[PDB]
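Here is the structure we will look at.
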Amino acid sequence: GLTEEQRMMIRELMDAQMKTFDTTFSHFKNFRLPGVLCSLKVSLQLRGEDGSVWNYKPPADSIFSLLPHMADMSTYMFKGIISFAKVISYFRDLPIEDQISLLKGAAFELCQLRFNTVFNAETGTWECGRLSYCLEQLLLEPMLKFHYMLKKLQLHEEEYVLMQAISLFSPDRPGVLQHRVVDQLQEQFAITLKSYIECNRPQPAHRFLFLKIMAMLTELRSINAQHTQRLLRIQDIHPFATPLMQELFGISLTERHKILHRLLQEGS
Amino acid sequence: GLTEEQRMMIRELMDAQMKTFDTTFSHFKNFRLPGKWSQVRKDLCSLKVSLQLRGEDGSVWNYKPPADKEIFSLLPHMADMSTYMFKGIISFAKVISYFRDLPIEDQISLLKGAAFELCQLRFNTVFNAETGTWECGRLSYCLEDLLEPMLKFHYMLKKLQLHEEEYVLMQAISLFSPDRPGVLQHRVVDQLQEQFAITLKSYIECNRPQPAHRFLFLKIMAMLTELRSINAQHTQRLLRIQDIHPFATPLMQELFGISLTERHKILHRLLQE
Ligand SMILES: CCC[C@H](CC)Oc1ccc(C(C)(C)C)cc1NC(=O)c1nnn(-c2cc(OC)ccc2OC)c1C
Ligand SMILES: CCC[C@H](CC)Oc1ccc(C(C)(C)C)cc1NC(=O)c1nnn(-c2cc(OC)ccc2OC)c1C
């Protein structure tokens, strides 16, 4: 039994998730594709409305071909992440600078949390509806070990959307001014998540699940730093980042993120 | 043991083939790709193919066709494929001396009736029987699901294991068909076809064992007869489909029939340059 606010807090996040998560990627169009890292090698599949199936197999040892597509696809995911935060009441009340700082530090993490919901552990494929991404002693790349472990927990929709709230309202993000207001918000999401697990998962397989989930968020925070550095090493060599990704990567706060600033003011 | 004219007759067709047959399809670019109604779905089910497209880096794009507007996806591509092939078929005839000396209308009539047949003969050279795939260099076409006469023709012709000289002689016999619609020089073309047929019959005797290839010439002639029937069949199927869904290129519309040189001005223009 949750409090009348904890129940109201989850319904707001679940409604926020339903309104902003395009699980089928139906509105994901006008993206780049390979024209006619070694652990994260993926094979792109693209199904059509008529039932046709395009399949792209990347070449072997010679790798920057799929990055333009993965940049466009991740940008579309982050646009839904922005809209997810805009409809949360606790997020819109924050200053416009903290909304940019929180979305800068939680862009990658909230994308991963949504990808794990469409990840297939048995087939190794990220079933993104229209598109699919199938992989080619391999769960050492922290990106994939995180997804396989998180998928093993078999979390609910309420638990996934609560991890997004805890990751979004991180008080120790670079540039956050209201560090105490964000920390007060983050504590309530963790309390609601801890209370939800106790009321709906009495099984022994889900023992210490809240501490496991919090440990995943800490690991995902470390993987966020690793991948951001790995992608800046490639951007320095081969420019592949989208205009919105350059603002996140850091390539006066609202003046350096004019796209993020405009998206936070439009009607959600 | 061929005559010096039969020897020079083959040397001209081989030079004709090597100048106009892009066996690697290196110059086939800028083609379309996948982005009375009941009478169409028949042949489409028999000729369902999966397109493969390799890249310079080694990447492989593959298009699997949608299972049973459903099969109209490969039509724009195969129209560009057929058009590119036929333009090389036109260039093949434009360098043959016996073809240039014919009237400009008889040249159009021969190319109209032998367009499909000469295109199949070149497609059989790049067909892989054990894998069932037309290996067109960067492009590949593998079918799924020998009942279709066009498929039975390719499997039977590939089993004969003909030479490059025997393939180019089949193109000469099929090109110089005197009974094509609109041909005026029935006496000249029929005598030309006999000269190529005699050379093919004499080539098999002089360059192959006698008893094992005793009826190889008659088998080849039987293939051209069966291929002549498939040319009629396939032309009717695509006229039923083109009338419903336009997929034919302007050069294909002239062949399909959609004053002789004025109704085939594109084919005429390609014969003048
Ligand atoms: C399991 C993770 C999902 C994805 C498959 C569904 O896995 C990949 C697999 C293969 C590849 C390559 C090797 C083919 C390129 C890449 C990725 N994944 C990214 O490329 C990615 N993941 N997150 N972000 C991201 C987004 C962002 O907002 C726009 C800001 C910063 C971001 O990175 C700090 C990005 C760009
Ligand atoms: C058998 C080898 C060809 C090709 C390659 C594997 O197999 C096909 C496979 C599938 C398909 C569909 C049904 C899925 C589209 C078609 C075809 N092949 C044709 O559609 C074709 N073959 N020849 N011609 C042709 C050309 C011409 O010159 C311009 C004039 C008249 C012609 O037909 C009267 C055409 C149009």
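Taken together, the values in this text are just the output of simple stated rules run on the coordinates, not laboratory data. Please note: Cβ atoms are built from the backbone with ideal geometry, for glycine as well, and neighbour counts cover all protein chains shown.
Determine whether B:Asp57 is within 14 Å of chain A (Cβ to nearest Cβ) and either of a type in the set (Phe, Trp, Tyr) or in a loop (DSSP other than H, G, I, E, B) (or both). Even if it seems obvious, please write down each step before you answer.
Working: within 14 Å of chain A (Cβ to nearest Cβ): yes; either of a type in the set (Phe, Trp, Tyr) or in a loop (DSSP other than H, G, I, E, B) (or both): yes.
When the stated conditions are applied, B:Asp57 passes them.
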Check A:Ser43, A:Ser26, A:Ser62, A:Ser39 and return the single one that is at the interface with chain B (Cβ under 10 Å from one of its Cβ atoms) and either part of a loop (DSSP other than H, G, I, E, B) or aromatic (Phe, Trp, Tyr) (or both). A:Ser62
Test of understanding: among A:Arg207, A:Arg180, A:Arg201, A:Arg221, which residue is among the basic types (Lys, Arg) and under 30 Å from A:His69 (Cβ atoms)? A:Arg221
Here the qualifying pairs (Cβ atoms under 6 Å; residues six or more apart or on different chains; first in region B:237-250 and within 9 Å of ligand 2 (Cβ to nearest atom); second in a loop (DSSP other than H, G, I, E, B)) come out as B:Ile241/B:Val40
Taking region B:227-262 only, how many residues are among the charged types (D, E, K, R), out of contact with any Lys or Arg (no Cβ under 8 Å at 6 or more places or on another chain) and exposed (fewer than 14 other Cβ atoms within 10 Å of the Cβ)? 1
Could you pull out the residue among A:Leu46, A:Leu13 that is under 19 Å from the mean Cα position of the chain (by Cα) and buried (at least 16 other Cβ atoms within 10 Å of the Cβ)? A:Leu13
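Answer yes if at least one residue in region B:192-200 is surrounded by 14 or more Cβ atoms within 10 Å (Cβ to Cβ), among the β-branched types (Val, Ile, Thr), part of a helix (DSSP H, G or I) and away from ligand 1 (no atom under 16 Å from the Cβ), and no otherwise. Steps first, answer last, please.
Taking region B:192-200 and keeping what is surrounded by 14 or more Cβ atoms within 10 Å (Cβ to Cβ), we get B:192-193, B:195-200.
With the extra rule that they be among the β-branched types (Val, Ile, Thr), the set shrinks to B:198-199.
Subsequent filtering for residues that are part of a helix (DSSP H, G or I) retains B:198-199.
Then keep just the ones that are away from ligand 1 (no atom under 16 Å from the Cβ); that gives B:198-199.
The answer is yes; a qualifying residue exists.
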Assuming A:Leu155 fulfils every condition listed in (1) over 17 Å from the mean Cα position of the chain (by Cα); (2) in a loop (DSSP other than H, G, I, E, B) apart from one, which condition is it? (1)
So which residues in region A:88-122 are closer than 13 Å to A:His147 by Cβ and of a type in the set (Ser, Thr, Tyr), if there are any at all? A:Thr117
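Which residue is nearest to the other protein chains (Cβ to nearest Cβ), if the candidates are limited to region B:133-152 and must be more than 10 Å from ligand 2 (Cβ to nearest atom) and in contact with a strand residue (DSSP E or B) (Cβ under 9 Å, 6 or more places away or on another chain)?
The extreme case among them is B:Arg138.
Among B:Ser82, B:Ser97, which is more than 16 Å from ligand 1 (Cβ to nearest atom), closer than 30 Å to B:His264 by Cα and surrounded by fewer than 16 Cβ atoms within 10 Å (Cβ to Cβ)? Walk me through it before giving the result.
Details: B:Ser82 fails: surrounded by fewer than 16 Cβ atoms within 10 Å (Cβ to Cβ).
Just one listed residue meets the conditions, B:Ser97.
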Whether any residue in region A:81-103 is among the hydrophobic types (A, V, I, L, M, F, W, C), part of a loop (DSSP other than H, G, I, E, B) and over 29 Å from A:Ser170 (Cβ atoms) is what I want to check. no
Conditions: (1) outside any loop (DSSP other than H, G, I, E, B); (2) surrounded by fewer than 17 Cβ atoms within 10 Å (Cβ to Cβ); (3) facing chain A (nearest Cβ under 9 Å). B:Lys69 meets all but one. Number of the miss? (1)
Answer from A:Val118, A:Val87 - the residue that is within 11 Å of ligand 1 (Cβ to nearest atom), away from every other protein chain (no Cβ under 14 Å), surrounded by fewer than 20 Cβ atoms within 10 Å (Cβ to Cβ) and more than 21 Å from A:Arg230 (Cβ to Cβ): A:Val118
